[PDB]
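Structure at a glance
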Amino acid sequence: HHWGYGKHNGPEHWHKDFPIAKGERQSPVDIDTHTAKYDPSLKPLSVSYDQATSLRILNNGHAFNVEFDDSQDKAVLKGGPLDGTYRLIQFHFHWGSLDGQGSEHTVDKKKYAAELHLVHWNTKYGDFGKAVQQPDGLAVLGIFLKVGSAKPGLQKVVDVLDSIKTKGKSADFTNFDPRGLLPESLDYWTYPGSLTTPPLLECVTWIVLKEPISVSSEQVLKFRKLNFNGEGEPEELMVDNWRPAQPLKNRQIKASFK
Ligand SMILES: NS(=O)(=O)c1ccc(CCNC(=O)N2CC(=O)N3CCc4ccccc4[C@@H]3C2)cc1
Ligand SMILES: [Zn+2]
């Protein structure tokens with residue numbers, strides 16, 4: 001009886017196995033744009049993905065992850081609110097059953113069709129597993145998706161999804177350039193938070209870009225054909241794999257922009 005996003009094992013149940021679900025710095029949150037304050041102390045954000053080496057794409061039963069070689073400082077996130085160097089290890093998405101829901105963060109309570117999370121770990125902790133035990137261990141770059149024009153840089157991901165339909169399937173996924181998933185502007189909001197899936201560890205500096213990327217209806221329809229189940233199990237479509245907004249508590253959301 002494992003956690004998931006069904007009626008019986010969804011986010012409202014997670015606190016029974018993971019009591020930190022009701023903690024002081026949980027994610028995601030609603031970003032109230034009128035309350036977020038410009039912070040002139042934020043240093044410029046540095047997304048350096050030119051040498052990123054993707055390896056594999058995996059259906060883990062909760063989402064699909066594109067994994068990177070993180071055994072040296074090829075693809076790194078620095079600057080903004082961050083101290084030191086954060087290495088890209090994987091990206092994944094959260095999405096809905098309908099275009100009006102799917103994002104984890106919300107903006108003035110608006111839900112987007114989907115949300116991309118580029119996950120990075122603080123190299124001062126040596127490995128990912130040590131980093132998630134630290135309050136500044138991870139930096140997640142969050143990017144909203146809205147349905148409109150196709151995103152050409154997403155199509156290589158969309159076209160491999162038929163090969164990883166079910167939980168536990170993986171496929172080789174080399175030479176994918178995550179620069180193709182970024183919006184034009186790097187203006188962002190930032191706050192201290194958590195993983196949005198169990199174990200819900202409070203280890204993340206969140207950096208949420210203001211400008212959404214546009215994907216086509218056909219692109220997101222292909223996400224919604226994935227399965228939560230393994231092969232040879234009853235088919236359950238992988239949709240609505242998002243955690244709703246959590247209490248902000250004793251936190252301030254800071255804006256990089258005026
Ligand atoms: N919604 S979210 O962005 O808040 C979110 C981000 C991250 C996570 C943790 C997901 N776990 C992971 O991504 N894992 C776990 C791991 O132990 N390893 C071993 C180290 C290694 C080496 C190479 C590639 C991949 C891993 C994986 C990464 C959960 C949720
Ligand atoms: Zn995520």
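About the thresholds
Residues numbered from 1 in each chain as written, not as in the entry; some residues may be left out. Chains lettered and ligands numbered in written order. Heavy atoms only, no water. Residues with missing side-chain atoms left out of burial classes, pairs and counts. UniProt positions renumbered as here; feature names shortened; annotations may be inferred. Core = buried A, V, L, I, M, F, W, Y, C linked by side-chain atoms within 4.5 Å. Buried < 20%, exposed > 50% of the residue type's maximum accessible area, 1.4 Å probe, protein only. Helix = DSSP H or I, 4+ residues; strand = E, 2+ residues; numbered from the N terminus. Contact = heavy atoms within 4.5 Å. Donors = N, O, S within 2.8 Å, 3.2 Å for Na, K, Ca; no water. Tetrahedral: all angles 85-135°; square planar, octahedral: opposite > 155°, others 65-115°. Salt bridge = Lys/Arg side-chain N within 4 Å of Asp/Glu carboxyl O. Pairing = 2+ DSSP bridges. Near = heavy atom within 4 Å. Polar contact = N/O pair within 3.5 Å; in protein donor to acceptor, adjacent residues only side chain to side chain. Areas by Shrake-Rupley, 256 points an atom, 1.4 Å probe, with all protein chains shown as cover.

As recorded by the PDB entry, the protein chain carries the name Carbonic anhydrase 2 and is attributed to Homo sapiens. Each PDB entry has a title, and for this one the record gives "Human Carbonic Anhydrase II in complex with 4-oxo-N-(4-sulfamoylphenethyl)-1,3,4,6,7,11b-hexahydro-2H-pyrazino[2,1-a]isoquinoline-2-carboxamide". Checking UniProt for the protein chain, the heading Sequence similarities contains the comment "Belongs to the alpha-carbonic anhydrase family."

What follows concerns the nonpolar core. Judged by nonpolar contacts, the single largest core of 49 residues is most densely connected at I57, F64, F91 and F93. Of all elements in the fold, only β5 (64–68), β7 (86–95), β9 (114–122), β10 (138–147), α2 (155–160), β13 (204–209) and β14 (213–215) reach the threshold of two or more residues within this core. Among the elements that make up this core, the one with the highest residue count is β7 (5 residues). Excluding residues within four positions of it along the chain, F64 makes contact with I57, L58, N59, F91, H92, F93, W95, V157, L161, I164, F223 and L226. Counting 23 residues, the second largest nonpolar core, distinct from the first, contains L138, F144, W206 and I253.

Under the UniProt annotation, "active site" lies at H62. As for its placement among the helices and strands, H62 is situated in the loop between β4 (54–59) and β5. When near neighbours in sequence (up to four residues on either side) are disregarded, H62 contacts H2, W3, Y5, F228, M238 and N241.

This brings us to the coordination of the zinc ion (ligand 2). Protein coordination of the zinc ion (ligand 2) is provided by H92 (NE2), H94 (NE2) and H117 (ND1), with donor distances spanning 2.0 Å. For the zinc ion (ligand 2), the 4 donor atoms in the first shell make angles of 98 to 116° at the metal, so the coordination geometry reads as tetrahedral.

Under the counting rule described, the total for this entry stands at 9 salt bridges. For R87, the salt bridge is made with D73, and the minimal N-O distance between the two is 2.8 Å. In this pair, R87 is assigned in strand β7 and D73 in the loop between β5 and β6 (76–79), connecting sequence segments 14 residues apart. A salt bridge links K124 to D136; the shortest N-O distance between them is 3.5 Å. Residue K124 is found in the loop between β9 and α1 (128–131), and its partner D136 is found in the loop between α1 and β10; the two are separated by 12 residues along the sequence.

Now for the side chain of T205. With respect to the helices and strands, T205 occurs in strand β13. In contact with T205, other than residues within four places in its own chain, are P81, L82, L138, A139, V140, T190 and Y191.

Alignment of strand β3 (residues 45–48) against β6, held across 4 bridges, turns out to be antiparallel. Among the inter-strand pairings, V47 is bridged to a residue of β6, identified as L77. By the bridge criterion, 2 bridges tie β6 to β7 in an arrangement that is antiparallel. The residue bridging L77 from the neighbouring strand is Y86, located in β7. Taking the residues that link successive antiparallel strands as the turn, the β6-β7 hairpin has 6 residues, and the phi of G80 there is positive, at about 55°.

In the numbering used here, UniProt assigns the "domain: Alpha-carbonic anhydrase" feature to residues 1–257. Helix makes up 7% of residues 1–257 and strand makes up 29%, while its end C-alpha atoms are separated by 44 Å.

Quick look at the site of ligand 1 now. Around ligand 1, the surrounding shell holds 13 residues, and the nearest of these are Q90, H92, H117, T196 and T197. In the model, an oxygen atom of ligand 1 is placed 2.9 Å from a nitrogen or oxygen of the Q90 side chain. A distance of 3.4 Å is found between a nitrogen atom of ligand 1 and a side-chain nitrogen or oxygen belonging to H94. In the complex, the protein chains occlude 65% of the 640 Å² of accessible area that ligand 1 would expose alone. Taken together, the elements giving at least two residues each to the shell around ligand 1 come down to β7 and β9. At 4 residues, the largest contribution of residues to the shell around ligand 1 is made by β7.

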